[PDB]
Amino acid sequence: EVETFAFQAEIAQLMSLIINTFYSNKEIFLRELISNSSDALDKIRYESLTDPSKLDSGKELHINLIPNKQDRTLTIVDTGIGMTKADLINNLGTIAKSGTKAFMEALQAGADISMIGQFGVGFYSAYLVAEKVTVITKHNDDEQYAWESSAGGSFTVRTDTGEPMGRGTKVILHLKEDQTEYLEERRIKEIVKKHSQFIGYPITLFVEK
C-alpha cells in the first residue's frame, strides 16, 4: 500500500521555483543526476573496502542511461549504495533543507538555476524536464522501495514488488511533452561529453530498438 507524504515547506517552494521559472538551460538536469549516481557509487565502493560482503548484492559499479521514446521516459540506473525507507521519507529531505534555503537566497542575489549542485540539492533539477519522477531503490539494509512525485507538494513511498535490482537506484524521468530531445542518442551523448566527461564509473548510453 502507498503512503503519501508532504514535502517540507522549503523543498516544495524550491520545486515550484524549478517548475515555474523561465530558464532555457534545462540540460544540466542530467549532470546533476549522474553526479548523484557517482556519489552513491563512491559510497558503496568505500564501504566495501572495510567489508567486501557489501558487494554480495552486485560487484559491478556503473551507470546506465536508458531512453524510451515509446514511454517517453529517460531512466538513469546506478549500482550505488541505494536508499533506505528512512532516507526516502526523512533523511534526504532533512539534509536538503539548509541547502535549499541557501540556494533560494543565492538566486535572489544573482545566481542561476545551473548552480543548484553547489548547494547539494541537484536532484530537484529533474523537474526542469520531467512532469513525474519515479525512484526505485534498494539498500543492502532494507527492502526495495519506490518513491514517486509529480510535485505539487507531495510524494509517495511504497514497497516495490517489481523486478529485484540487487542494489542501487533507478531514476525514471517521465518527460514533459516538449522535452523529448533528451531521448535522442545524439543529444544525450553531447550532454554527457559536455558536463560529465570525467565521471569515474562507466556510463553506458543504451540505444533504442
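When you see a residue number, it is the position in the sequence shown, counting from 1.
- When the C-alpha B-factors of 91 to 99 and 74 to 82 are averaged, 91 to 99 comes out higher.
- Averaged over their C-alpha atoms, the temperature factors of 163 to 171 and 28 to 36 are higher for 163 to 171.
- For the set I136, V133, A109, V129, the PDB entry assigns the largest Cα B-factor to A109.
- Per the PDB record, residue ranking by Cα B-factor puts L17 in the middle third of the chain.
- Ranked by Cα temperature factor within the chain, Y23 sits in the lowest third according to the deposited record.
- Sort the modelled residues of the chain by CA B factor and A9 lands in the highest third.
- When all modelled residues of the chain are sorted by CA temperature factor, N64 is found within the lowest third.
- The PDB entry assigns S149 a C-alpha temperature factor belonging to the lowest third of its chain's modelled residues.
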